[PDB]
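Worksheet: the structure to be examined is printed underneath.
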Amino acid sequence: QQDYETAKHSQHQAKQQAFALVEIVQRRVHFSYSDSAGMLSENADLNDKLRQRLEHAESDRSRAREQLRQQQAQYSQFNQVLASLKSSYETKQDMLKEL
Amino acid sequence: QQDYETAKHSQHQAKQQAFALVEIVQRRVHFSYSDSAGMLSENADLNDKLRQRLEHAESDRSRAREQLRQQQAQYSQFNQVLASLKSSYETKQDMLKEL
Amino acid sequence: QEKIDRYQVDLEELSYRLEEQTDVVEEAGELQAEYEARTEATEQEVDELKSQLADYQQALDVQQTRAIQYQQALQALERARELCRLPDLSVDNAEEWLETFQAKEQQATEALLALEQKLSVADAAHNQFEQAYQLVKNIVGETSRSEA
Amino acid sequence: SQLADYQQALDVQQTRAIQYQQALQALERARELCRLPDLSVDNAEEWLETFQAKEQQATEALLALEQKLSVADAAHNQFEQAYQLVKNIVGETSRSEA
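In order, the protein sequences belong to chains B, P, L and H.
Numbered according to the deposited numbering, the first sequence spans residues 940 to 1038.
Numbered according to the deposited numbering, the second sequence spans residues 940 to 1038.
Numbered according to the deposited numbering, the third sequence spans residues 347 to 494.
Numbered according to the deposited numbering, the fourth sequence spans residues 397 to 494.
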């Protein structure tokens, strides 16, 4: 029982640490607001910096677009090959039934 | 799990309200000069009409996104059935040529 | 011989099906390209409208003079006053409310974590229960838990 | 929208700056609570899965422990009955090994 309460506390430690890490993962984009923090500090016309950040985001967005396109192509390829295996196994099972 | 679900809801609401108060605290300084004032609405009319047109463009673009996504799906299933047919026919042809 | 004939018939039917499905799939692919082209066209129309609107508003909005700035503070205060059931909520007392709701929030997190610990042990218990059940089903097939 | 609605008047910028402050604070907090000054947003996912595994191992540990306690509700008599039965069937043995 003593070791059990000890383990409970250790579980609590793991829980808190994991919860923190999760929170940061949620705030993952917020760290991208360091530019927003710097941008806000301008306290004057800053549409130039806005446009710069926008261009950087556009580049990243297109990069992710290609990432997604190739990824979905790969996934679809795997899907067709899996389906081909499915159909082939069905057919083979059928010829086995017949024989 | 139901209990934890409710607890998570409560936690989210508390966190949101806390962030709202953090925002108030930050904007206390901006309230500090709440007396100031400035000009406004110099070019609203054409601006506003153009906002509305842009919004219509947004809505149509969202429509297009939806049709694109659903069409990608349908294409995917059609391709999968095509691949299944491919495997089936190929396996059957292999069986016949074997015989 | 007869078996070969049957399989030849089967191959004919499969060929017809493949032809038809290839037709449908080509139709679907060209429709997908169509809907892409249309969607990118709409995207570019939206981007054009946004960019040209930005161009038009350029000179309008640069000269803020930090004098329309505080209104954002006004809306934030009102949003909090609605979200937080504190009609008395004022920027002067907002700090006590901040610390108080932070205390409640961390308290809720701790209660949530205790709930999570108990939940995370009960769930794994259930998981071993279900894994045993699946093993039973695989080995013998359908049966109720009481039989497990 | 911000550039086309620069009338947004940096309110979103205010919120994002405040959010960055909170994110920095949270990163710090985790670095302490996890005692991982060696940490970054770009790899925090890795330590996150890592300590998800750790919390897992703890959870199954504690789960086995909970069942062990739940069965430990068993009185003393069962322990003696079982040990004597084992000692009869096999012969003298340590209770740690029975």
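All C-beta atoms in this analysis are idealised placements derived from N, C-alpha and C, irrespective of residue type, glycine included.
- Within the same chain, and ignoring the five residues on either side of H/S397 in sequence, the residues whose Cβ sits closer than 8 Å to its Cβ are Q404.
- Taking C-beta atoms as the reference points, P/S1015 and L/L360 fail to come closer than 8 Å.
- Across the set P/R967, P/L989 and P/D1033, the C-alpha of P/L989 shows the shortest separation from the C-alpha of H/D401.
- Fewer than three pairs of CB atoms, one per stretch, sit closer than 8 Å, so the stretch 375–387 of chain L makes no contact with the stretch 945–952 of chain P.
- At a cut-off of 8 Å between C-beta atoms, P/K988 does not count as an interface residue with respect to chain L.
- Proximity of B/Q1010 to chain H, defined by a Cβ-Cβ separation below 8 Å, is not satisfied.
- Under the 8 Å criterion on CB atoms, P/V968 is classed as non-interfacial with respect to chain H.
- Of all residues in the stretch 395–407 of chain L, only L395, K396, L399, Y402, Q403 and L406 place a beta-carbon less than 7 Å from a beta-carbon of chain P.
- Look at L/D369 here: in three-state DSSP terms it is helix.
- The alpha-carbon separation between B/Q1019 and L/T455 amounts to approximately 46 Å.
- Contact note: P/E994 does not reach chain H at a C-beta cutoff of 7 Å; the least C-beta distance is about 11 Å.
- Using beta-carbon distances, L/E462 counts as an interface residue toward chain B, with a partner under 8 Å.
- Of L/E462, L/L458 and L/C430, the smallest CA-CA separation from L/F447 is found for L/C430.
- For H/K450, the nearest beta carbon of chain B is closer than 8 Å to its own beta carbon.
- For the stretch 953–964 of chain B, the beta-carbon criterion of a distance under 8 Å to any beta-carbon of chain L is satisfied by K954, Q955 and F958.
- By the rule that beta-carbons nearer than 8 Å mark a contact, B/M978 touches chain H.
- 8 Å or more divides the Cβ of L/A470 from the Cβ of P/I963.
- Going by DSSP, H/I414 is part of the alpha helix (DSSP H) stretching over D407 to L429.
- For L/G487, there is no enclosing alpha helix (DSSP H), as DSSP gives it neither H nor E.
- Taking a cut-off of 8 Å for Cβ pairs, the stretch 982–1000 of chain P and the stretch 475–494 of chain L do not touch, as fewer than three such pairs fall below it.
- Around the beta carbon of L/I485, fewer than 16 other beta carbons lie within 10 angstroms, which makes this residue exposed.
- From the listed residues P/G977, P/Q1011, P/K1036 and P/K954, the smallest Cα separation to L/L406 is found for P/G977.
- Looking only at B/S975, B/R1008, B/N986 and B/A1012, the smallest Cα-Cα distance to L/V408 is reached by B/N986.
- Counting only Cβ-Cβ distances below 9 Å, L/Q477 has no contacts in chain H at all, with the closest Cβ about 12 Å away.
- When CB distances to chain B are screened at a threshold of 7 Å, the residues of the stretch 424–448 of chain H falling below it are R425, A426, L429, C430, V437, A440, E441, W443, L444, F447 and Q448, in chain order.
- With fewer than 16 neighbouring CB atoms inside 10 Å of its own CB, L/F475 falls in the exposed class.
- In terms of Cβ geometry, B/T1030 and P/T945 do not form a close pair [threshold 8 Å].
- DSSP places P/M1034 inside the alpha helix (DSSP H), whose first and last residues are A983 to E1037.
- Neighbours of H/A413 across chain B, judged by C-beta separation under 7 Å: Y972, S975, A976 and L979.
- Taken atom to atom, the span from the alpha-carbon of H/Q453 to that of P/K1036 is near 56 Å.
- Following the DSSP letters along the chain, one finds B/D942 inside the alpha helix (DSSP H) bounded by residues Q941 to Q965.
- Of all alpha-carbon atoms in P/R1002, P/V961, P/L1038 and P/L1021, the one lying nearest the alpha-carbon of L/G375 is that of P/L1021.
- Interface criterion met: the Cβ of H/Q410 is under 8 Å from a Cβ in chain P.
- Against chain P, the beta carbon of L/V392 has neighbours under 9 Å at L993, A996, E997, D999 and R1000, listed in chain order.
- Taking a 10 Å sphere around the C-beta of L/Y416, we find 16 or more other C-beta atoms and assign the residue as buried.
- Our two residues, L/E428 and H/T411, have alpha carbons roughly 18 Å apart in a direct line.
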